[PDB]
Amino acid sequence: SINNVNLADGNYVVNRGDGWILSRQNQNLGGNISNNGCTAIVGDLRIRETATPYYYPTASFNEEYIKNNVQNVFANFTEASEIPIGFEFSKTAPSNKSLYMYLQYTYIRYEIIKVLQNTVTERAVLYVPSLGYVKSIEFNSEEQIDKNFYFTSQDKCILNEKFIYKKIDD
């Protein structure tokens, strides 16, 4: 399945791509409501103080091992974190209907995998705060909404997933 990688034996650091949203954190930031052709805007600033990394270490790969190996091949998110970056989304509500849009942070999924016989034996995971994503739906006080709109039970990528690796040495 997801553990079958065509790679020589050994440890690797993998960039699973930008655009990952986390489980059930969908509405942690709040939602915005507008109507009748009005324009709604929502944005943020992933200032270090706020948006923080999520680590999922394993016996072979601890927090430090993950960070250093990631910031070595890919973007050093620790240095970047000291420089405020902003992002916004805007959408215009429909003629005579209501609009609802909510925001959630996006991340970059990094993995530290242990390959042994073309199958992942161990897997560490890191989510680096990236930017944000908004979802919108038009509505009225009577409409029923698919709950999938509001809830994401399993981590996923809103963009195409990736698999860019580099064998770890030493």
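Numbers follow the displayed sequence, beginning with 1. What we label the rigid core is the largest C-alpha set whose atoms superpose within 1.5 Å from one form to the other.
Structural divergence in 5 other deposited structures of this protein between 133-141 and 111-119: following superposition by the core, 111-119 has C-alpha atoms lying farther from the shown form. Once the rigid core is used to overlay the structures in 5 other deposited structures of this protein, the stretch among 44-52 and 98-106 whose CA atoms lie farther from this form is 44-52. Higher mean CA temperature factor, per the PDB entry, when comparing 148-156 with 5-13: 5-13. Stretches 99-107 and 115-123 differ in mean C-alpha B factor, with the higher average recorded for 115-123.
Which of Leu131, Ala59, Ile33, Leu29 has the largest Cα B-factor in the deposited entry comes down to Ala59.
Looking at the C-alpha B-factors along this chain, the one for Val42 belongs to the lowest third. Looking at the C-alpha B-factors along this chain, the one for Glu88 belongs to the lowest third. When the CA B factors of the chain's modelled residues are split into thirds, the value for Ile66 lands in the middle one.
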